[PDB]
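Engineer: Below is the structure I would like to discuss, written out as structure tokens.
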Amino acid sequence: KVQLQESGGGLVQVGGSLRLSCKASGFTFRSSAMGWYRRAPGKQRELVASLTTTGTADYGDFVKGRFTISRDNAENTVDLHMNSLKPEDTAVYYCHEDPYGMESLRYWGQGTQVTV
Amino acid sequence: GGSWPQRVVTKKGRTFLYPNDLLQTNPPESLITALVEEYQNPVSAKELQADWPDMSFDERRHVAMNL
């Protein structure tokens with residue numbers, strides 16, 4: 001059964017860096033997209049970063065070269081290294097796995113808080 | 629009333645016999661047809677057909693109910 005475990009959130013004040021980590025438990029589908037969305041309070045859920053099994057990355061507009069997304073398929077994990085963080089980046093960050101890169105099959109993590 | 633196994637229709641109109649059609653070496657034919665013609669994604673169909681024998685029941689159910 002797919003469980004998505006998130007870790008690495010928490011507070012760091014402006015200009016800092018964090019590593020969000022997400023490990024996908026269960027089946028390792030031959031192709032999948034993994035990434036992160038965020039929800040700031042009262043606002044609408046946004047895509048932060050995503051990466052397929054082939055290796056292509058997709059970033060939200062606001063990222064602007066600040067973030068790096070990597071994946072270690074051996075352990076079926078994905079890590080987000082965030083740099084130069086700012087007050088606007090404070091939100092709840094949710095991990096997601098999309099079997100075969102399809103939103104209809106998406107699993108969600110429970111969400112991890114990041115605070116500047 | 630009510631019986632077992634049960635005919636299932638999903639929120640998106642997929643039909644299979646539950647649980648039998650999810651306990652086989654091949655995925656339910658409706659799901660293969662859905663990926664090919666509805667989504668126009670034969671790649672997904674080929675890959676689901678390949679992963680299915682190794683997929684646990686929870687994951688087959690997850691796919692069947694949400695595809």
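So the sequences go chain by chain: A and B.
Using the authors' numbering, the letters of the first sequence map in sequence onto residues 1 to 116.
Using the authors' numbering, the letters of the second sequence map in sequence onto residues 629 to 695.
Built from N, CA and C at the ideal position, the CB exists for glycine as well.
1. Could you give the residue range of the beta strand (DSSP E) that holds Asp79 (chain A)?
2. Is the beta carbon of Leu105 (chain A) within less than 8 Å of some heavy atom of the ligand ADP?
3. Which of the residues in the stretch 17-28 of chain A, read from start to end, lie with their CB under 7 Å from any CB of chain B?
4. Can you have a look at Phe67 (chain A) and say buried or exposed, based on whether 16 or more other CB atoms are within 10 angstroms of its CB?
5. State the DSSP-derived secondary structure class of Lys674 (chain B), mapped to helix, strand or coil.
6. Which residues share a DSSP beta bridge with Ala91 (chain A)?
7. Does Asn694 (chain B) come within less than 9 Å of chain A when only Cβ atoms are used?
8. Taking Cβ positions only, does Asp649 (chain B) come closer than 9 Å to chain A?
9. Kindly indicate which residue of B:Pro670, B:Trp680, B:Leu695 has the alpha-carbon position closest to the one of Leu650 (chain B).
10. Short of 9 Å Cβ to Cβ, which residues in the stretch 81-112 of chain A face chain D?
11. According to DSSP, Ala57 (chain A) sits in a beta bridge with which residue or residues?
12. Using three-state DSSP, classify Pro681 (chain B) as helix, strand or coil.
13. Do you know how far the Cα of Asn654 (chain B) is from the Cα of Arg642 (chain B)?
14. Counting Cβ pairs, one atom from each stretch, are 3 or more of them under 8 Å apart for the stretch 63-81 of chain A and the stretch 661-670 of chain B?
15. From the DSSP secondary-structure annotation, give me the bridge partner or partners of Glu46 (chain A).
Structural biologist: If we stick to the structure as given:
1. 77-82
2. Absent from the structure shown: the ligand ADP. Ligands present: none.
3. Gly26, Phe27
4. Of the other Cβ atoms in all chains shown, 16 or more fall within 10 Å of the Cβ of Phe67 (chain A); this residue is therefore buried.
5. Helix.
6. A:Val114
7. With 9 Å as the cut-off, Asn694 (chain B) counts as an interface residue toward chain A.
8. Chain A, which has no Cβ nearer than 9 Å to the Cβ of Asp649 (chain B), makes this no.
9. It is B:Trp680.
10. Note that chain D does not occur in the displayed structure, where the protein chains are A and B.
11. DSSP lists A:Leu51 as the beta-bridge partner residues of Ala57 (chain A).
12. helix
13. 16 Å
14. no
15. A:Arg38
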